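As structure tokens, the structure follows; a few thoughts come after it.
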There are 2 protein chains.
Amino acid sequence: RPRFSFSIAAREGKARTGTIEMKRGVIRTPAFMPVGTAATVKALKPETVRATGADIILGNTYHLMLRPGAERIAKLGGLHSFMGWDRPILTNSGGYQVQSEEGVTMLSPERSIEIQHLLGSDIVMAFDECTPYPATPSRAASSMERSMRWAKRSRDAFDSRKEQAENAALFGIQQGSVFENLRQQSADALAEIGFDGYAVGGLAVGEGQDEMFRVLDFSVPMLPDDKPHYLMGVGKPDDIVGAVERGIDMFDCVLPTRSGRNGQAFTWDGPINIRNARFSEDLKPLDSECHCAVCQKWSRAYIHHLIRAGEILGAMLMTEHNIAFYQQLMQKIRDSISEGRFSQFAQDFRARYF
Amino acid sequence: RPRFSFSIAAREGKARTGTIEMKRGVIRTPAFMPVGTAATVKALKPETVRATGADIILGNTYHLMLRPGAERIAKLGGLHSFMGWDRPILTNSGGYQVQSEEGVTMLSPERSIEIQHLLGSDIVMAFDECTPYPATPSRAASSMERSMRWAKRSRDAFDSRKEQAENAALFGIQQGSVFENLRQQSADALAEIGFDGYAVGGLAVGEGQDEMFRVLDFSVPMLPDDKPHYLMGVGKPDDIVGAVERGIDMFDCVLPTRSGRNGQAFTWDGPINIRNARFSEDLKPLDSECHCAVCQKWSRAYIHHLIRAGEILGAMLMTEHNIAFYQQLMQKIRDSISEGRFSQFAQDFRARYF
Ligand SMILES: CNc1nc2cc3nc[nH]c(=O)c3cc2[nH]1
Ligand SMILES: CNc1nc2cc3nc[nH]c(=O)c3cc2[nH]1
Ligand SMILES: [Zn+2]
Ligand SMILES: [Zn+2]
């Protein structure tokens with residue numbers, strides 16, 4: 001197993017399916033990464049996370065930087081050991097959740113990269129400035145330029161550290177707001193520095209699906225075709241399908257977990273609010289076709305009662321189902337792309353989903 | 001499999017070990033019943049409850065009477081089906097958590113018994129009045145007398161209902177506060193009416209272990225030897241050991257679950273507060289010898305972080321460990337009684353535990 005290898009097995013238009021091989025395992029693309037807020041995927045054991053099909057999880061750096069702090073986790077063996085997940089982990093840089101050229105008061109590109117190293121990240125994100133939406137062309141440019149300088153410092157910091165450089169991968173992040181010329185300049189700078197993967201940053205921050213898809217339309221072709229394309233913070237099932245149609249390989253979102261705990265369940269016929277009185281005596285599973293263990297064993301009526309009663313098992317079951325749903329979605333995307341029927345899949349999906 | 005069969009395999013002094021056979025399964029005695037507050041054992045899937053060794057759970061009636069109410073659960077197939085636990089369930093009568101000769105305003109003996117039927121209880125508790133502690137002899141007597149009349153009405157109500165009478169068991173509850181003559185009168189009345197099992201009520205309500213053990217000393221021999229003896233609401237590991245020494249066969253308590261969520265873990269060397277700073281970098285499992293899955297896989301330091309962070313996985317892991325601990329305790333009790341070394345076990349236990 002190499003440090004990092006991305007291989008594309010099949011394509012359909014801009015859509016791709018393939019694999020990322022890393023020392024800790026293989027990642028099927030297009031991939032959905034369950035988000036791990038504070039060294040845990042909320043309300044699930046990692047074995048359950050794995051059981052639903054996840055190949056990789058996202059380790060949120062922000063909360064851990066502060067508690068228990070990255071040096072203690074290092075001391076204890078690294079995040080993998082700590083939380084009991086032995087497969088790849090993608091870590092964020094911490095800046096999103098958190099100002100000068102050096103960094104953010106004190107987190108700078110160098111420190112973010114070190115913290116991700118201390119955590120034992122497999123995929124390290126460059127430290128950037130995610131431009132607020134909307135942004136004037138001037139601010140978007142200044143932000144993007146800074147992020148590209150921070151992008152270079154991230155690379156150098158990553159490269160300085162032998163063990164990191166030899167066992168982990170580094171992804172760069174494109175910025176530029178909604179402006180084509182900036183996105184292109186950003187793509188060029190990132191390509192020039194060179195990364196194992198390229199994220200599309202600055203989206204999923206208030207623009208609406210229509211605008212997001214439009215920026216993806218011109219932005220994703222700007223990134224090296226031969227490397228994974230990661231859309232940060234996205235999103236709804238229909239967001240994901242449309243972004244794959246636009247060439248995105250990787251996703252993360254708190255929706256399935258967080259929405260799960262609030263009572264929202266994803267189904268092929270669209271999302272439902274299990275708290276709604278209409279489900280009080282409904283003996284059907286959350287979704288008719290879902291193959292997850294929750295859907296094999298418990299009814300809507302039971303999960304309705306649990307969530308309304310504030311019971312922890314309610315959060316557990318809703319969360320397991322939602323993450324399972326998302327992975328089933330990703331599998332459906334992968335299969336349909338391999339088979340050259342992804343466009344039909346996307347239309348069929350949106351037709352039933354809405 | 002019969003409706004109810006209690007068979008004693010071995011004895012040591014007042015201690016006994018054996019089995020209760022019921023249609024939904026076999027129960028190893030002395031038995032600990034995890035408590036199911038609102039159609040769930042908080043933060044655990046029933047398969048996990050089973051995996052830790054529980055043979056039977058306690059279904060709390062009180063919360064369900066109100067929501068979702070016993071008729072809806074009936075409609076949905078009964079509690080077993082609803083929460084996914086196919087093994088025996090002992091239901092309380094609801095009165096403890098909740099005044100006239102008819103009942104409590106409106107829950108009476110007849111209604112409690114019907115509600116337990118609607119839930120599909122395997123072991124039905126007679127509706128009583130648990131005497132506050134301390135009580136004057138006069139009040140204790142009046143309370144006990146009422147409970148015995150309610151005990152008779154419970155039996156008749158249970159017996160009126162064919163399906164209940166043929167598939168479920170009924171336990172009576174001894175009262176009498178700390179007074180020998182009352183306990184005896186109560187034992188006699190209950191024996192006279194006749195039950196499948198006898199609980200010792202009125203304890204675990206403020207008296208302190210010393211007083212409780214003293215009342216058990218004279219009270220448990222008053223109950224039919226050939227039927228299970230259930231100490232309601234007890235308790236700490238050392239409570240349980242001493243009560244088995246006094247002839248108790250059955251226990252329930254919220255301690256392992258509730259204490260678990262608050263950060264208290266049970267160990268053979270006594271209880272610990274995993275929140276304590278001293279466990280921040282402790283890579284040992286919660287307990288050195290515990291065979292549960294939590295202790296096989298996660299460290300004290302990790303569970304320390306989770307509980308402090310308010311994470312749901314923290315409640316899940318603490319709860320799984322504690323219930324596992326309790327079942328291991330019960331297994332140790334059973335084995336040592338069979339082998340005629342329970343007294344040594346109890347001394348060894350208390351020696352290390354304190
Ligand atoms: C939920 N939407 C969303 N989450 C994001 C996280 C990000 N991190 C780094 N850089 C980003 O541009 C960025 C954009 C994001 N949008
Ligand atoms: C935690 N202590 C405790 N929980 C109890 C529940 C009870 N239910 C019915 N009857 C009782 O006498 C009774 C006594 C109890 N003590
Ligand atoms: Zn499901
Ligand atoms: Zn354990």
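Naming scheme: A, B, ... for chains in displayed order of the structure tokens; residues 1 onward per chain; ligands 1 onward as shown.
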
Query raised in the report: Which residues sit within 9 Å of ligand 4, counting only C-alpha atoms and all ligand atoms, listed as a PyMOL selection string?
Result: chain B and resi 265-267+285-296+317-318+320-325

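Any residue of chain A with an atom no more than 7 Å from chain B counts as a contact; using only C-alpha atoms, that gives residues 42, 43, 44, 45, 76, 82, 83, 281, 302, 311, 312 and 313 of chain A.
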
Query raised in the report: DSSP on the backbone: what in stretch 44-254 of chain B comes out strand (DSSP E), as a list in words?
Result: residues 57, 58, 59, 89, 90, 91, 123, 124, 125, 169, 170, 171, 172, 173, 174, 197, 198, 199, 200, 229, 230, 231, 250, 251, 252 and 253 of chain B

Counting only C-alpha atoms and all ligand atoms, what residues are within 10 Å of ligand 1, given as a PDB file with C-alpha atoms, in the first residue's frame?
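Once everything was written out, this is selection38.pdb:
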ATOM      1  CA  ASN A  92      -9.555  19.851   8.684  1.00  0.00           C
ATOM      2  CA  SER A  93      -7.096  22.640   9.382  1.00  0.00           C
ATOM      3  CA  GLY A  94      -9.151  24.333  12.123  1.00  0.00           C
ATOM      4  CA  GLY A  95      -9.385  27.792  10.514  1.00  0.00           C
ATOM      5  CA  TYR A  96     -12.944  27.468   9.253  1.00  0.00           C
ATOM      6  CA  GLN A  97     -14.407  27.207  12.757  1.00  0.00           C
ATOM      7  CA  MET A 125      -5.913  20.059   4.592  1.00  0.00           C
ATOM      8  CA  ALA A 126      -3.970  23.218   3.822  1.00  0.00           C
ATOM      9  CA  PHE A 127      -4.843  26.188   6.075  1.00  0.00           C
ATOM     10  CA  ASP A 128      -6.918  28.764   4.167  1.00  0.00           C
ATOM     11  CA  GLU A 129      -9.325  31.709   4.432  1.00  0.00           C
ATOM     12  CA  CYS A 130     -12.850  30.697   3.424  1.00  0.00           C
ATOM     13  CA  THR A 131     -14.288  33.854   1.872  1.00  0.00           C
ATOM     14  CA  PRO A 132     -17.625  34.975   3.301  1.00  0.00           C
ATOM     15  CA  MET A 144      -7.869  34.030  -2.351  1.00  0.00           C
ATOM     16  CA  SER A 147      -5.029  31.502   0.923  1.00  0.00           C
ATOM     17  CA  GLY A 172      -4.948  22.232  -1.433  1.00  0.00           C
ATOM     18  CA  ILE A 173      -8.093  24.394  -1.363  1.00  0.00           C
ATOM     19  CA  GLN A 174      -9.446  26.510  -4.192  1.00  0.00           C
ATOM     20  CA  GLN A 175     -11.078  29.887  -3.326  1.00  0.00           C
ATOM     21  CA  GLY A 176     -12.203  32.744  -5.532  1.00  0.00           C
ATOM     22  CA  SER A 177     -15.854  33.172  -4.509  1.00  0.00           C
ATOM     23  CA  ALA A 199     -10.772  20.862  -2.655  1.00  0.00           C
ATOM     24  CA  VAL A 200     -13.298  23.393  -3.854  1.00  0.00           C
ATOM     25  CA  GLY A 201     -13.604  25.841  -0.981  1.00  0.00           C
ATOM     26  CA  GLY A 202     -15.886  28.834  -0.494  1.00  0.00           C
ATOM     27  CA  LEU A 203     -19.131  26.991  -1.219  1.00  0.00           C
ATOM     28  CA  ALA A 204     -21.855  25.699   1.069  1.00  0.00           C
ATOM     29  CA  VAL A 205     -21.768  29.110   2.780  1.00  0.00           C
ATOM     30  CA  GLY A 206     -25.102  30.691   1.827  1.00  0.00           C
ATOM     31  CA  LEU A 231     -16.309  19.652  -2.104  1.00  0.00           C
ATOM     32  CA  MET A 232     -16.000  20.789   1.511  1.00  0.00           C
ATOM     33  CA  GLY A 233     -19.088  20.897   3.677  1.00  0.00           C
ATOM     34  CA  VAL A 234     -21.522  19.422   1.166  1.00  0.00           C
ATOM     35  CA  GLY A 235     -24.247  18.361   1.646  1.00  0.00           C
ATOM     36  CA  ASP A 252     -18.299  15.718   4.043  1.00  0.00           C
ATOM     37  CA  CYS A 253     -21.306  17.051   5.932  1.00  0.00           C
ATOM     38  CA  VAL A 254     -22.763  17.090   9.481  1.00  0.00           C
ATOM     39  CA  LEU A 255     -26.292  16.832   8.068  1.00  0.00           C
TER      40      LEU A 255
END

**Report entry** Filtered DSSP result for stretch 33-205 of chain A, state alpha helix (DSSP H), as a PyMOL selection string
**Finding:** chain A and resi 46-51+61-66+70-75+79-83+109-119+137-160+162-167+180-193

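Distance check against residue A:207 using only C-alpha atoms: of A:133, A:349, A:230, A:179, the minimum falls on A:133.
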
Query - Neighbour list for residue B:220 as JSON, numbers by chain, cut-off 12 Å, only C-alpha atoms, skip fewer than 5 positions in-chain - result: {"B": [14, 15, 173, 174, 175, 180, 183, 184, 186, 187, 198, 199, 200, 201, 212, 213, 214, 215, 225, 226, 227, 228, 229, 230, 231, 243, 244, 245, 246, 247, 248, 249]}

Query raised in the report: Can you list, as a PyMOL selection string, every protein, DNA or RNA residue that comes within 6 Å of residue B:170 when you count only C-alpha atoms, leaving out same-chain residues fewer than 5 positions away?
Result: chain B and resi 123-125+195-196

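Here atom CA of residue B:122 and atom CA of residue B:168 stand 4.6 Å from one another.
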